[PDB]
Amino acid sequence: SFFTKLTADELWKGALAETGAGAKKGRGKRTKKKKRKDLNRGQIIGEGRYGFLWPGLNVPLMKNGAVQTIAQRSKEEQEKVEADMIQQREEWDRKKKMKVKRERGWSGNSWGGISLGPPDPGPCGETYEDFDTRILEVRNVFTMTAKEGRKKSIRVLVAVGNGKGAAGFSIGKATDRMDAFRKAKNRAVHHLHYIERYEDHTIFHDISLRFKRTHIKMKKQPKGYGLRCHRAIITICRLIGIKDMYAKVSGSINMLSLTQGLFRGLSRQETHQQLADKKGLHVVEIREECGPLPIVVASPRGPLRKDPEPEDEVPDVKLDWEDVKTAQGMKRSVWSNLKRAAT
Amino acid sequence: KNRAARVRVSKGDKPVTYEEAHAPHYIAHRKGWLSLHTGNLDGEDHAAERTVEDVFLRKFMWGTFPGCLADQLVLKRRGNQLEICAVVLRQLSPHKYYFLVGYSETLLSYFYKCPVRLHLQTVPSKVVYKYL
Amino acid sequence: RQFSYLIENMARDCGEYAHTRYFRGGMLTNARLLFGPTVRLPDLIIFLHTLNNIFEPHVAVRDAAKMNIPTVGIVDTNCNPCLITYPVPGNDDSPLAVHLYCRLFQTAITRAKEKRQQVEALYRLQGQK
Amino acid sequence: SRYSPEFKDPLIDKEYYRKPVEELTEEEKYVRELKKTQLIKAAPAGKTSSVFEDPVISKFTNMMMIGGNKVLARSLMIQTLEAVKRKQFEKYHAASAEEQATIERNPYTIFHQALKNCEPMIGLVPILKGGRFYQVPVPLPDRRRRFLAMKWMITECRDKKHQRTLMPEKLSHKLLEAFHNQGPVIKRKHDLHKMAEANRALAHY
Amino acid sequence: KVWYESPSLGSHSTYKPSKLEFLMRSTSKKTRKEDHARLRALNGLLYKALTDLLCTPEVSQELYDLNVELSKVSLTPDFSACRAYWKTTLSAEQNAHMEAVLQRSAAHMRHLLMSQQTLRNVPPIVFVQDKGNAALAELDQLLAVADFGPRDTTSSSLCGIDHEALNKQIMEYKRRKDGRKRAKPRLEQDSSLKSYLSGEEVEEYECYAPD
Amino acid sequence: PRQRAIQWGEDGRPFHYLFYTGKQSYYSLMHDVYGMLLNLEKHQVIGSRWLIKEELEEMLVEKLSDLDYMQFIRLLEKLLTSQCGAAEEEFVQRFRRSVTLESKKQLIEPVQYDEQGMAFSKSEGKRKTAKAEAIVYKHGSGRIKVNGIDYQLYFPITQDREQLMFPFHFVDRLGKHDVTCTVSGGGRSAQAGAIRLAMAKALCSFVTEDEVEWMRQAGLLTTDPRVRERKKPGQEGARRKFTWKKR
RNA sequence: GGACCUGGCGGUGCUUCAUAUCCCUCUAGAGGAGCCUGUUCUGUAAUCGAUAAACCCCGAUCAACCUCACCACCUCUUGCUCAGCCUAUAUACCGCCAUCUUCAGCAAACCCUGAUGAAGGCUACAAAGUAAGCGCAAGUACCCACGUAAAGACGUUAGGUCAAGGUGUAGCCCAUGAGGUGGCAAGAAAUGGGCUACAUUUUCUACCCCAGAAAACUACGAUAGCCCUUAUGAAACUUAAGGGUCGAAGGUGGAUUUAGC
Ligand SMILES: [K+]
Ligand SMILES: [K+]
Ligand SMILES: [K+]
Ligand SMILES: [K+]
Ligand SMILES: [K+]
Ligand SMILES: [K+]
Ligand SMILES: [Mg+2]
Ligand SMILES: [Mg+2]
Ligand SMILES: [Mg+2]
Ligand SMILES: [Mg+2]
Ligand SMILES: [Mg+2]
Ligand SMILES: [Mg+2]
Ligand SMILES: [Mg+2]
Ligand SMILES: [Mg+2]
Ligand SMILES: [Mg+2]
Ligand SMILES: [Mg+2]
Ligand SMILES: [Mg+2]
Ligand SMILES: [Mg+2]
Ligand SMILES: [Mg+2]
Ligand SMILES: [Mg+2]
Ligand SMILES: [Mg+2]
Ligand SMILES: [Mg+2]
Ligand SMILES: [Mg+2]
Ligand SMILES: [Mg+2]
Ligand SMILES: [Mg+2]
Ligand SMILES: [Mg+2]
């Protein structure tokens, strides 16, 4: 019956079944999903199976200065049109099938390590093209609710940085994973730390700190050492601009504790100029590749002390057994100093 | 909960027209009727035939002007004249709108045996009353 | 509130701004939403009292630092000056103390505005000739 | 109600209006100037300013009305008042000059005194204690005392024990019985009071 | 602090129990955890104040002789009224004397309570009567006056089943005779990243009389 | 809708010194009122109401809370109790909106004259579906004609006659006026009520003003709005529901 | 396994509440009788769906044929249709709804607190919240500004409906489709709802309220049973109306329970 026919929108809303108890709680999963297709896309007004040529609708109205008359394509001429539409339909299906693959993160199914692009431009014509965003954690949080039972939300941790010392991180929360990405990355750009870098490649000194139960021990390293650190630290260090560092994470390996523990330690590092100003002495760098040449890296801006720094015969500094065990050749690990890809 | 002819609240990104935004209880209060004829007045006949004709004319024009209609049809009957007033978009070339007006008016005049006129009002885009 | 009226008049007289009322959450940290994307925030916030009525730090002290706004503040012996850029230890309760502060700031602000006009005017007259 | 809360109930009393101004107090003067600004409900069809109006009998008539049949309810009432008066005129003419002084012939005086002799001072309430029900005595408000007196009188006359006796003969006979502190309805009062005395121990609840 | 909580952030706030404060309050506002505490303890203070006035002869000689005992004293949260309860006496005759003196004393007592500047704003005290079952004595007042007049079906239900109906039912018949696994929600698998890592590819001038 | 103007210029400086409050118009008003109360100290109903919050929210062109409205009103009342002068009185009247009090006094029908010169009044009354029109003559013997019939023949029910008596009895005018009324619709009781209202309205032309106010306060001049309620679908009656089936 | 958070639950505390409303109070009912009607069960060769509140004179504002989707028998195969399917799945759905709702909350985008933990964000003499939009509200309909309607978001019960229609998925295609003829739908019982009663405030007649009779085995009481006529129809022991005959249970209904301001 002609009167029982419906519109395309009605037919797709029913067939897709996007509203319903199946889609409310994700009670139904979709390895095979009906996909909406626009069936009016490649259709031309006036074109039908019979192949009639209507002047002014599907063919030009005037030809050679005279009005065209009703005509019909030959059976052969119409087969070509039909075949051409099928090929054009498969070409469109293949153009959509040809989608550029995006690089993976720490693993194929992991979100961690994936770039989200620069933060969105602020309302007042503000732009952050110089900043890159990296995901550090994507979690599904399940909230028990008074009336709706277990609901599913997304908590995202992302870090931003420009590669020149300015970096920050923020948590994002939303029901949708892509809204959480927007919240986290946009908020992080307003909570940027500045991290001082020695020679724009490493930290100024060894940093060992604890944040809650996460211990992070970082070592200053020379050029060419690379980033031999927890994969999350590697991600953050590329955003800050540190190229050479060793780091070891102990205790709880909690991503959030690690991120803010890492940023707390890197933001409280004393530069060489601050050391010279604090002690009013020269800072002299001795490099074995340069032999005994003394390289003054920092000199005090104020007066220069005349009294040498007291030489305590034995320092009362606390040592790490892991560092000492390594220097004494008593550290045996099959996993240490393994060959890995450039980081 | 009532469902009939109610566009449901969403995230604020769904544009609805004036007609779509008003549930049935607003008919004759905030929105008028899309067809005007005498068949539903007291003491008048042939309401069934006018109703079937209206259902056909709405489907006919939907498929005759595919993707061009920007709102529901307004059907007016005076005597034996049938006036179809449609708000359409400005995407199709004017030649195609004149062809379909001549084609539709003639075909409908012979189908229902009455003088039929089609009045097209073009808009650059669908007129948005609110974003639900 | 003993000095709300006095402070609001001092601000109007010097050509500046006063907020002596309940401070709503986000006036500074969410100003673009509350006022508009083109809203200009204060370049200097002067606290004549750094505590709210429940004897806690005024929320604007924390929020001023968040927005990188320098703060001047009278800090009594029960106040916290850590986040105040230019703290001024002094009595904030006595009417004589508060009145003095308003005269000094009002006078300092008014003198600087007249100095700015004098210099500009001189710089223009000399420029033409 | 189709009356907005602004509508005040009508006061139907001729005397209240003819009262001179001088007799009025400053409080009563304010109420009178106030009502001139208030909305007044239309007087119900039941009550009028007639000098023969009796609110108690009008209430007893409504408690006897079945299915909105006021005509029949009013007819039964007036037939009862005539039956009481005729029974007393017969008792009056047959009595001696000395006894005649003690015989009441007004049916309104008998009707009111008959009901007042049936009003229960104290009543009982069913209370629940430890999964077990025990009645508790309580004082009765004035509205409840007058209601129970009417309901017991109307209930007794509707009892099936009376066989083929018309209501005006049943009710008239019960009113004159109660008028003399005799009858089943008076016993119901006495028994209600008697049951209260037994349950005095449970009055702490 | 103790198990009794005293961590309130606004612990320095000045408690203001007055009738005007109730009107100038957010309707959304609901009583906080330690907000009842001040009410529970302020009502107890009123009990202390009233009890001393009763036992001291200086306040009133009539009141002192009565030796009234307060059963309960609970102020209202509205700040409009105060509820005070005194224990009734056996003799209804004595009850009338106590209530009469207390009714007239209350007015002066309120002023005496204003002498305590800490509780200067005292709402009018409502000297309710309770603890003596005043109704029970009230009932006896009517009981003596009252006129008493001249003084002189199936055991199946007990069984718990309708044995009769079932017996008929069988007799009528005789007349004719003759689980699944549920996956952990956290482990539910998603394909959003695969669609992301596969790729997301959803992918002017105007003229009169154009050509 | 009225649009708030820009609150700052090109340099970005707000125009009003209370801009950063977010309620500059409201707090500028409180600031002006608080200042006036101070100056007074240094120096020393029926027809009007306070404007509502929705009217204050338009004078200020801002959004206000309910407590914001109260605090402003509490401050104005505190200004009336003081010895406010003329300058302090024009200001308060800006926030006093006159409350129009409707007259409850009954409108009196005109007194007409017939061909024979007898004065009479005419009115109408409605009760339920009954509609009555009554002609009350200034002088008469107490005759009442209902559709040409003697009232006791038209109204054999004594309660319907008591309703006709009520208007005349209440004003002590039994046996002083002749009435000829016509009534249609409704039942016997509804028709008697409509005639009662029609006669009372017409009778008001022949009584003193004080008597007309006494009839009003007795409910004799008010049209009874109590009419039958519609039945609703899904229930037995206008209010009664279908039996809630045993569970 | 420790600590904490949420939800659920508590024969969990306290305070304030419910307005035809949880209890008592007020009025008329149901629960007993007969009948009408639905359901269950049983029965039958002989549909289906609804089926605690939120099913049960419900889809039906309606089944003698038809309707019809059921059973039995017979018949047709490009088939009324560029076929068809009342076949499965309402736990794929659109559409249209129930329910809380006789609710007042939901909520995008931001902001802030908790060390940037799950989480939380109110104080008016105010202490971090601002909030578009939706709902309530307002407005409109009916006889008012009252009342009654209507409206009533998000969400809850994978609630109801594939048999309104449409439709995803799977299935049938000489049959799970189409047509014809006849037939089923009863009551051993149970139960829900309703009707009429048990009478004297009644019964019959006149009248539409000033009447006369009736009034316990010839009273009250069947709208049931049986018989006859009529109406509708092609078809009527069947459906409806009327008449005749018949004159039964019922004597105001335990626990319990419904409605009304
Ligand atoms: K809990
Ligand atoms: K019953
Ligand atoms: K559904
Ligand atoms: K369907
Ligand atoms: K299907
Ligand atoms: K029933
Ligand atoms: Mg893989
Ligand atoms: Mg509904
Ligand atoms: Mg101080
Ligand atoms: Mg009814
Ligand atoms: Mg029954
Ligand atoms: Mg079923
Ligand atoms: Mg089902
Ligand atoms: Mg159910
Ligand atoms: Mg058949
Ligand atoms: Mg059939
Ligand atoms: Mg079939
Ligand atoms: Mg469902
Ligand atoms: Mg209304
Ligand atoms: Mg409704
Ligand atoms: Mg509404
Ligand atoms: Mg289901
Ligand atoms: Mg078949
Ligand atoms: Mg019969
Ligand atoms: Mg026939
Ligand atoms: Mg008989």
# chains A, B, ... in the order shown; residues from 1 in each chain; ligands from 1
call {"tool": "residues_near_ligand", "arguments": {"ligand": "ligand 22", "cutoff": "10 Å", "atoms": "only C-alpha atoms (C1' of nucleotides) and all ligand atoms", "output": "list in words"}}
result
residues 90, 91, 157, 158, 159 and 160 of chain G
call {"tool": "write_last_selection", "arguments": {"atoms": "N, CA and C atoms (P, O5', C5', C4', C3', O3' and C1' of nucleotides)", "output": "PDB file, in the first residue's frame"}}
result
ATOM      1  P     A G  90      10.573 -11.497  23.154  1.00  0.00           P
ATOM      2  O5'   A G  90      10.572  -9.911  23.307  1.00  0.00           O
ATOM      3  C5'   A G  90       9.966  -9.065  22.333  1.00  0.00           C
ATOM      4  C4'   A G  90      10.119  -7.611  22.712  1.00  0.00           C
ATOM      5  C3'   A G  90       9.513  -7.218  24.061  1.00  0.00           C
ATOM      6  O3'   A G  90      10.323  -6.209  24.663  1.00  0.00           O
ATOM      7  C1'   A G  90       8.577  -5.885  22.378  1.00  0.00           C
ATOM      8  P     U G  91      11.003  -6.441  26.097  1.00  0.00           P
ATOM      9  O5'   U G  91      12.481  -6.916  25.741  1.00  0.00           O
ATOM     10  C5'   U G  91      13.268  -6.197  24.797  1.00  0.00           C
ATOM     11  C4'   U G  91      14.354  -7.055  24.197  1.00  0.00           C
ATOM     12  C3'   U G  91      13.890  -8.394  23.628  1.00  0.00           C
ATOM     13  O3'   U G  91      14.671  -8.729  22.482  1.00  0.00           O
ATOM     14  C1'   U G  91      15.492  -8.775  25.311  1.00  0.00           C
ATOM     15  P     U G 157      15.376  -0.197  35.593  1.00  0.00           P
ATOM     16  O5'   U G 157      14.095  -1.139  35.589  1.00  0.00           O
ATOM     17  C5'   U G 157      13.676  -1.803  36.772  1.00  0.00           C
ATOM     18  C4'   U G 157      12.247  -2.265  36.661  1.00  0.00           C
ATOM     19  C3'   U G 157      11.880  -2.979  35.367  1.00  0.00           C
ATOM     20  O3'   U G 157      12.237  -4.351  35.377  1.00  0.00           O
ATOM     21  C1'   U G 157      10.245  -1.339  35.865  1.00  0.00           C
ATOM     22  P     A G 158      13.576  -4.856  34.644  1.00  0.00           P
ATOM     23  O5'   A G 158      13.574  -4.092  33.248  1.00  0.00           O
ATOM     24  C5'   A G 158      14.629  -4.279  32.309  1.00  0.00           C
ATOM     25  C4'   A G 158      14.217  -3.860  30.920  1.00  0.00           C
ATOM     26  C3'   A G 158      13.166  -4.750  30.262  1.00  0.00           C
ATOM     27  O3'   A G 158      12.320  -3.964  29.426  1.00  0.00           O
ATOM     28  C1'   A G 158      15.106  -4.732  28.936  1.00  0.00           C
ATOM     29  P     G G 159      10.733  -4.186  29.460  1.00  0.00           P
ATOM     30  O5'   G G 159      10.323  -3.762  30.939  1.00  0.00           O
ATOM     31  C5'   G G 159       9.760  -4.692  31.852  1.00  0.00           C
ATOM     32  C4'   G G 159       8.319  -4.356  32.139  1.00  0.00           C
ATOM     33  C3'   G G 159       7.362  -4.534  30.968  1.00  0.00           C
ATOM     34  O3'   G G 159       6.899  -5.869  30.854  1.00  0.00           O
ATOM     35  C1'   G G 159       7.056  -2.391  31.913  1.00  0.00           C
ATOM     36  P     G G 160       6.701  -6.556  29.415  1.00  0.00           P
ATOM     37  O5'   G G 160       5.504  -5.736  28.764  1.00  0.00           O
ATOM     38  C5'   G G 160       4.220  -5.742  29.364  1.00  0.00           C
ATOM     39  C4'   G G 160       3.196  -5.054  28.501  1.00  0.00           C
ATOM     40  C3'   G G 160       3.314  -5.275  27.006  1.00  0.00           C
ATOM     41  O3'   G G 160       2.843  -6.544  26.587  1.00  0.00           O
ATOM     42  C1'   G G 160       2.901  -2.992  27.436  1.00  0.00           C
TER      43        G G 160
END
call {"tool": "residues_near_ligand", "arguments": {"ligand": "ligand 10", "cutoff": "10 Å", "atoms": "only C-alpha atoms (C1' of nucleotides) and all ligand atoms", "output": "ChimeraX atom specification"}}
result
/F:231,235-241 /G:28,259-260
call {"tool": "select_by_dssp", "arguments": {"residues": "region 152-305 of chain A", "states": "alpha helix (DSSP H)", "output": "ChimeraX atom specification"}}
result
/A:177-188,231-240,255-266,272-279
call {"tool": "interface_residues", "arguments": {"of": "chain F", "to": "chain E", "cutoff": "9 Å", "atoms": "only C-alpha atoms", "output": "list in words"}}
result
residues 66, 67, 70 and 71 of chain F
call {"tool": "residues_near_ligand", "arguments": {"ligand": "ligand 16", "cutoff": "10 Å", "atoms": "only C-alpha atoms (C1' of nucleotides) and all ligand atoms", "output": "PDB file with N, CA, C and O atoms (P, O5', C5', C4', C3', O3' and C1' of nucleotides), in the first residue's frame"}}
result
ATOM      1  P     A G  63     -17.156  -6.789  16.928  1.00  0.00           P
ATOM      2  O5'   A G  63     -17.494  -8.054  17.834  1.00  0.00           O
ATOM      3  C5'   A G  63     -18.629  -8.865  17.576  1.00  0.00           C
ATOM      4  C4'   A G  63     -18.224 -10.228  17.077  1.00  0.00           C
ATOM      5  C3'   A G  63     -19.254 -11.331  17.241  1.00  0.00           C
ATOM      6  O3'   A G  63     -20.231 -11.319  16.217  1.00  0.00           O
ATOM      7  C1'   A G  63     -17.135 -12.102  17.958  1.00  0.00           C
ATOM      8  P     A G  64     -21.795 -11.318  16.574  1.00  0.00           P
ATOM      9  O5'   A G  64     -22.298 -12.743  16.083  1.00  0.00           O
ATOM     10  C5'   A G  64     -21.980 -13.926  16.803  1.00  0.00           C
ATOM     11  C4'   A G  64     -22.643 -15.125  16.180  1.00  0.00           C
ATOM     12  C3'   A G  64     -22.250 -15.414  14.740  1.00  0.00           C
ATOM     13  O3'   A G  64     -21.048 -16.163  14.649  1.00  0.00           O
ATOM     14  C1'   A G  64     -24.610 -15.470  14.949  1.00  0.00           C
ATOM     15  P     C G  65     -19.781 -15.579  13.853  1.00  0.00           P
ATOM     16  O5'   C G  65     -20.167 -15.779  12.325  1.00  0.00           O
ATOM     17  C5'   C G  65     -20.448 -17.068  11.804  1.00  0.00           C
ATOM     18  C4'   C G  65     -20.718 -17.002  10.325  1.00  0.00           C
ATOM     19  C3'   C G  65     -19.702 -16.218   9.510  1.00  0.00           C
ATOM     20  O3'   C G  65     -18.545 -16.971   9.191  1.00  0.00           O
ATOM     21  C1'   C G  65     -21.873 -15.509   8.933  1.00  0.00           C
ATOM     22  P     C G  66     -17.101 -16.485   9.701  1.00  0.00           P
ATOM     23  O5'   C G  66     -16.903 -15.065   9.010  1.00  0.00           O
ATOM     24  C5'   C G  66     -16.943 -14.927   7.597  1.00  0.00           C
ATOM     25  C4'   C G  66     -17.257 -13.512   7.182  1.00  0.00           C
ATOM     26  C3'   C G  66     -16.266 -12.445   7.624  1.00  0.00           C
ATOM     27  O3'   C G  66     -15.141 -12.350   6.768  1.00  0.00           O
ATOM     28  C1'   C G  66     -18.465 -11.727   8.107  1.00  0.00           C
ATOM     29  P     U G  67     -13.655 -12.500   7.355  1.00  0.00           P
ATOM     30  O5'   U G  67     -13.615 -11.500   8.593  1.00  0.00           O
ATOM     31  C5'   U G  67     -13.692 -10.093   8.404  1.00  0.00           C
ATOM     32  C4'   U G  67     -13.900  -9.370   9.712  1.00  0.00           C
ATOM     33  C3'   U G  67     -12.886  -9.665  10.807  1.00  0.00           C
ATOM     34  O3'   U G  67     -11.696  -8.910  10.668  1.00  0.00           O
ATOM     35  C1'   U G  67     -15.073  -9.798  11.698  1.00  0.00           C
ATOM     36  P     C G  68     -10.340  -9.398  11.373  1.00  0.00           P
ATOM     37  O5'   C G  68     -10.189 -10.912  10.916  1.00  0.00           O
ATOM     38  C5'   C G  68      -8.974 -11.618  11.133  1.00  0.00           C
ATOM     39  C4'   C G  68      -9.172 -13.109  11.048  1.00  0.00           C
ATOM     40  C3'   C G  68     -10.170 -13.575   9.994  1.00  0.00           C
ATOM     41  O3'   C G  68      -9.764 -14.845   9.484  1.00  0.00           O
ATOM     42  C1'   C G  68     -10.910 -14.255  12.124  1.00  0.00           C
ATOM     43  P     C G  70      -5.031 -18.893  11.638  1.00  0.00           P
ATOM     44  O5'   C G  70      -5.810 -19.328  12.952  1.00  0.00           O
ATOM     45  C5'   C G  70      -5.119 -19.643  14.151  1.00  0.00           C
ATOM     46  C4'   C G  70      -5.981 -20.480  15.057  1.00  0.00           C
ATOM     47  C3'   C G  70      -6.430 -21.811  14.476  1.00  0.00           C
ATOM     48  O3'   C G  70      -5.461 -22.829  14.656  1.00  0.00           O
ATOM     49  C1'   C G  70      -8.303 -20.666  15.349  1.00  0.00           C
ATOM     50  P     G G 183     -22.073 -24.589  10.747  1.00  0.00           P
ATOM     51  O5'   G G 183     -20.895 -25.003  11.733  1.00  0.00           O
ATOM     52  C5'   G G 183     -20.820 -26.318  12.258  1.00  0.00           C
ATOM     53  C4'   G G 183     -19.544 -26.542  13.026  1.00  0.00           C
ATOM     54  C3'   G G 183     -19.305 -25.622  14.208  1.00  0.00           C
ATOM     55  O3'   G G 183     -20.040 -25.999  15.357  1.00  0.00           O
ATOM     56  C1'   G G 183     -17.330 -25.782  12.931  1.00  0.00           C
ATOM     57  P     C G 184     -20.476 -24.893  16.436  1.00  0.00           P
ATOM     58  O5'   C G 184     -19.188 -24.740  17.355  1.00  0.00           O
ATOM     59  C5'   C G 184     -18.605 -25.876  17.972  1.00  0.00           C
ATOM     60  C4'   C G 184     -17.289 -25.538  18.621  1.00  0.00           C
ATOM     61  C3'   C G 184     -17.309 -24.378  19.597  1.00  0.00           C
ATOM     62  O3'   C G 184     -17.791 -24.765  20.872  1.00  0.00           O
ATOM     63  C1'   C G 184     -15.412 -24.218  18.173  1.00  0.00           C
ATOM     64  P     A G 185     -19.231 -24.281  21.395  1.00  0.00           P
ATOM     65  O5'   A G 185     -18.871 -23.262  22.562  1.00  0.00           O
ATOM     66  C5'   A G 185     -17.771 -23.510  23.425  1.00  0.00           C
ATOM     67  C4'   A G 185     -16.858 -22.316  23.499  1.00  0.00           C
ATOM     68  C3'   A G 185     -17.549 -20.970  23.656  1.00  0.00           C
ATOM     69  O3'   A G 185     -17.918 -20.685  24.994  1.00  0.00           O
ATOM     70  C1'   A G 185     -15.957 -20.829  21.927  1.00  0.00           C
TER      71        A G 185
END
call {"tool": "residues_near_ligand", "arguments": {"ligand": "ligand 12", "cutoff": "9 Å", "atoms": "only C-alpha atoms (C1' of nucleotides) and all ligand atoms", "output": "PyMOL selection string"}}
result
chain G and resi 48-51
call {"tool": "residues_around", "arguments": {"residues": "residue 122 (chain E)", "least_positions_apart": "2", "cutoff": "10 Å", "atoms": "only C-alpha atoms (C1' of nucleotides)", "output": "PyMOL selection string"}}
result
chain E and resi 17-19+46+75+79-82+110-111+113-114+116-120+124-125
call {"tool": "write_last_selection", "arguments": {"atoms": "N, CA, C and O atoms", "output": "short mmCIF file (atom, residue, chain, number, x, y, z; two decimals), in the first residue's frame"}}
result
data_model
loop_
_atom_site.label_atom_id
_atom_site.label_comp_id
_atom_site.auth_asym_id
_atom_site.auth_seq_id
_atom_site.Cartn_x
_atom_site.Cartn_y
_atom_site.Cartn_z
N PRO E 17 20.39 32.92 67.07
CA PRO E 17 19.02 32.38 67.08
C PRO E 17 17.97 33.44 67.35
O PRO E 17 17.64 33.70 68.51
N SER E 18 17.46 34.08 66.30
CA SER E 18 16.42 35.09 66.43
C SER E 18 15.34 34.86 65.39
O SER E 18 15.51 34.10 64.43
N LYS E 19 14.20 35.52 65.60
CA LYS E 19 13.07 35.35 64.69
C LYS E 19 13.34 36.00 63.34
O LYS E 19 12.79 35.57 62.32
N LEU E 46 17.81 26.73 78.24
CA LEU E 46 16.55 27.29 78.70
C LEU E 46 15.98 26.49 79.85
O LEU E 46 15.42 27.05 80.80
N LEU E 75 12.69 24.43 73.05
CA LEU E 75 12.38 25.58 72.20
C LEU E 75 12.01 25.10 70.80
O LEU E 75 12.25 23.95 70.42
N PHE E 79 11.87 29.89 66.26
CA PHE E 79 12.28 31.02 67.10
C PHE E 79 11.08 31.91 67.41
O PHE E 79 11.25 33.06 67.81
N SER E 80 9.87 31.37 67.23
CA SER E 80 8.65 32.11 67.52
C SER E 80 8.04 31.74 68.87
O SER E 80 7.37 32.59 69.48
N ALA E 81 8.24 30.52 69.34
CA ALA E 81 7.63 30.05 70.58
C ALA E 81 8.61 29.13 71.30
O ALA E 81 9.59 28.66 70.73
N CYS E 82 8.32 28.90 72.58
CA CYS E 82 9.10 28.00 73.42
C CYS E 82 8.15 27.07 74.16
O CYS E 82 7.14 27.52 74.70
N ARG E 110 9.35 35.97 81.70
CA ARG E 110 9.98 36.33 80.43
C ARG E 110 10.90 37.52 80.61
O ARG E 110 12.04 37.52 80.13
N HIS E 111 10.43 38.55 81.32
CA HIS E 111 11.29 39.70 81.62
C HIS E 111 12.47 39.27 82.48
O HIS E 111 13.59 39.74 82.28
N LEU E 113 13.82 36.38 82.42
CA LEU E 113 14.73 35.69 81.50
C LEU E 113 15.51 36.67 80.65
O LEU E 113 16.65 36.39 80.26
N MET E 114 14.92 37.83 80.34
CA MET E 114 15.65 38.87 79.62
C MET E 114 16.78 39.45 80.45
O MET E 114 17.71 40.03 79.89
N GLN E 116 19.03 37.78 81.81
CA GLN E 116 20.19 37.05 81.30
C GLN E 116 20.45 37.54 79.88
O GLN E 116 19.79 37.11 78.93
N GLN E 117 21.40 38.46 79.73
CA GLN E 117 21.62 39.10 78.43
C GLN E 117 21.99 38.08 77.36
O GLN E 117 21.67 38.29 76.18
N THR E 118 22.65 36.99 77.74
CA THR E 118 22.98 35.96 76.75
C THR E 118 21.72 35.44 76.06
O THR E 118 21.72 35.19 74.85
N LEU E 119 20.64 35.28 76.82
CA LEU E 119 19.35 34.85 76.30
C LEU E 119 18.33 35.99 76.36
O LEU E 119 17.15 35.78 76.64
N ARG E 120 18.79 37.22 76.09
CA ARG E 120 17.89 38.37 76.17
C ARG E 120 16.71 38.22 75.22
O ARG E 120 15.57 38.50 75.59
N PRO E 124 8.18 34.26 73.56
CA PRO E 124 7.19 34.01 74.62
C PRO E 124 7.13 32.53 74.97
O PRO E 124 7.05 31.67 74.10
N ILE E 125 7.16 32.25 76.27
CA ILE E 125 7.24 30.88 76.76
C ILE E 125 5.83 30.30 76.84
O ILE E 125 4.93 30.91 77.43
#
call {"tool": "closest_atom_pairs", "arguments": {"of": "chain C", "to": "ligand 9", "cutoff": "7 Å", "atoms": "only C-alpha atoms and all ligand atoms", "output": "tab-separated table"}}
result
residue	atom	partner	partner_atom_place_in_ligand_line	distance
C:76	CA	ligand 9	1 (Mg)	4.9
C:77	CA	ligand 9	1 (Mg)	6.9
C:78	CA	ligand 9	1 (Mg)	6.7
C:91	CA	ligand 9	1 (Mg)	5.8
C:92	CA	ligand 9	1 (Mg)	4.7
C:93	CA	ligand 9	1 (Mg)	4.9
call {"tool": "write_last_selection", "arguments": {"atoms": "C-alpha atoms", "output": "mmCIF file, in the first residue's frame"}}
result
data_model
loop_
_atom_site.group_PDB
_atom_site.id
_atom_site.type_symbol
_atom_site.label_atom_id
_atom_site.label_comp_id
_atom_site.auth_asym_id
_atom_site.auth_seq_id
_atom_site.Cartn_x
_atom_site.Cartn_y
_atom_site.Cartn_z
ATOM 1 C CA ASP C 76 46.266 42.044 61.162
ATOM 2 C CA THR C 77 47.889 39.641 63.612
ATOM 3 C CA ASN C 78 45.270 36.937 62.914
ATOM 4 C CA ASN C 91 45.051 47.296 62.550
ATOM 5 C CA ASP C 92 42.047 46.539 60.328
ATOM 6 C CA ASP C 93 39.361 46.858 63.040
#
